[PDB]
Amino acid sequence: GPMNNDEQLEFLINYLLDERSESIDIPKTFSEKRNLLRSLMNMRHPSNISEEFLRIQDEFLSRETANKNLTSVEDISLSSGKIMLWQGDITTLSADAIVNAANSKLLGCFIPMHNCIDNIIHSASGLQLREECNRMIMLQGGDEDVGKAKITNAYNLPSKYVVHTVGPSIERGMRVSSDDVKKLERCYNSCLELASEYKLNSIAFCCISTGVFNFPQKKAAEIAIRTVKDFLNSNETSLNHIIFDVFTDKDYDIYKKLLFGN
């Protein structure tokens, strides 16, 4: 019984629904079915699942990834030495490592359909990403501190690895402290160091802490660029491309000014 795309979606939804206590009339349209799969994956605490599920999940998500408009590193025109600036979706970029602005529990996002980068990454990667992270935290015996990095396989993403970092959060209407700056610096440093240790050719950062974490976007960009330039000026590294993956026009305009205003 080889399965077509729709049968794979049905199988995945039904497997996860059978695990849940709640009853949900199965949706009809493609948006409703796909969004249900993502919701159920989002909510699923780590627990053993069938080799069959994971096989089918991988086929489905891998096929979804292949059918996106993907970007290779060599496709990116806008570079300043090893630094690249690129606006787009990090789940469609075939960098060796992408950086996830993760939470301190590191299991991804359990809020269904939440468009934080953590949810988006886990949703495209597969449930193995949450599982790998669960193991790491279990063994660590504790929540992940801000300003660190853990690397995992990227699974069904077009990248090879996900580097998970937890950034500083700025409370509504409060200024950034020196400690806040040092924490964000540390996230950039820790990701660059880990990807360098793993002998990677490329890493793509998201704009850490500038979404829901309210880090002022000019200030964050200045830190990110300074930390990356200091790192390249001070270290031998396998890294040949450090990609600033921006998601908003506002971030693009900021990074463009800072990198190419010269």
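All residue numbers refer to positions in the sequence shown, first residue = 1.
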Would you determine, from the values in the PDB entry, which of 30-38 and 65-73 has the greater average C-alpha temperature factor?
-> 65-73
Which of 139-147 and 112-120 has higher mean CA B factor, as the PDB entry lists it = 139-147
Could you check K183, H164, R130, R172 and tell me which one carries the biggest Cα B-factor in the deposited entry?
-> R172
Residue with maximal Cα B-factor (values as given in the PDB entry) among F231, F213, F205, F53 = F53
Temperature factor at the Cα of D251, chain-ranked in thirds, falls in the middle
Taking the chain's C-alpha temperature factors as the reference, tell me which third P168 falls into: lowest, middle or highest.
-> lowest
Which third, lowest, middle or highest, does the CA B-factor of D18 fall in along this chain?
-> highest
Of the three thirds of Cα B-factor ranks in this chain, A195 occupies the middle
Please rank the C-alpha B-factors of the chain's modelled residues and tell me whether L78 sits in the lowest, middle or highest third.
-> highest
